[PDB]
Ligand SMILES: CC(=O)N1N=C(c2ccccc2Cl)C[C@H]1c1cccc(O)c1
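So this first bit is one chain, no partners, the form deposited without the named molecule, shown in structure tokens.
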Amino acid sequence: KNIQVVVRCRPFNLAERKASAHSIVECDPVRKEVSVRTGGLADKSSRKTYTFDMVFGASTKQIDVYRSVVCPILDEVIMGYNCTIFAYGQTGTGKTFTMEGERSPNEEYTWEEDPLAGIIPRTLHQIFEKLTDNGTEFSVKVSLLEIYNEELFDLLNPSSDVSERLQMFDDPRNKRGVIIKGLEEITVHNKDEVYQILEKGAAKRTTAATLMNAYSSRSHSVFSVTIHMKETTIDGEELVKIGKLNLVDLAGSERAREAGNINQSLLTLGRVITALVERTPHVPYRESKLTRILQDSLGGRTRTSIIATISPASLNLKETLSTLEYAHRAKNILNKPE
């Protein structure tokens, strides 16, 4: 499939140690399996096993997630296609760590990416590297919005109130596309401007949370990079390729209809991915804002990836199984024997 579904388990953490929680998740990257202990202390043997396209255990470094998951997708984006990577899972399991990452406790400027850097900085690093290394005329722009309770908020506009809702227009160029009027798109001339853009977005997220209770754990974040590529033929024709990569940090998978329409928006996304995997005619793109925004990138002739993030702690057994169930319903991968 052009649809890859992978699972990442993060290390057991302090908040989980506090509660005398036990470790219940075992990852087998070679067999691409996740086994979860299902019986608690009274039955430590019973387990439930899932199989995915890739499995990343607690020791997985950021660079290996990038190389395994993003590199093939970025290669297609650079050929002029529109792709999407999602991070899905319970709050606190590592969607933002995977999507954004963290920087060095030492502030010194380096050109290599931080070992803790996530998909977003690494993607921008490789875009500028790949395209400078082969002499292509190119420009890069990025946008960052937040979907909270089915409403769209611009996280990068320097000059508008973050609480101003954004409207979606039809796109006369493409029946699959949408134009988000007023969405700030910032040109990136060098790999480092990305870090300043992520800081601006983080400040806007805090304001949105203070103003509207639009907490990032309850919102879908959509970081979109658009690469505009130009080559001039021998006889002087300018050919334009346009690649787009959407890096989506979904709302936590765990009010009411605030929380309800979170679950419905995520279920709609799940139904879209399942229909794309099964090649069924009815893909419900139009039934949520998230899938409307991403419809032009999800069509079928592109690579899509879902990184399902989970906790290894007994405290989160129910949501871990719910996340694995969601990932398995998105793409039915059967268990091998022995």
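Throughout, we count residues from 1 along the sequence that is shown.
Separately, the form deposited with the named molecule bound exists; it is not shown, and the next lines address it.
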| property | result |
| --- | --- |
| Answer option from 188, 131, 166, 116, heavy atom within 4.5 Å of the named molecule in the entry with it bound | 116 |
| Option touching the named molecule, based on a heavy atom within 4.5 Å in the entry with it bound, out of 151, 75, 170, 102 | 102 |
| 4.5 Å heavy atom contact with the named molecule in the entry with it bound for all of 127, 138 and 227 | no |
| Candidate stretches 233-241, 67-75, 175-183, 201-209 - the one whose heavy atoms come within 4.5 Å of the named molecule in the entry with it bound | 201-209 |
| Residue contact check: residue 147 to the named molecule in the entry with it bound, 4.5 Å heavy atom | no |
| Heavy atom of residue 248 within 4.5 Å of the named molecule in the entry with it bound | no |
| Residue 85: touches the named molecule in the entry with it bound, heavy atom cutoff 4.5 angstroms | no |
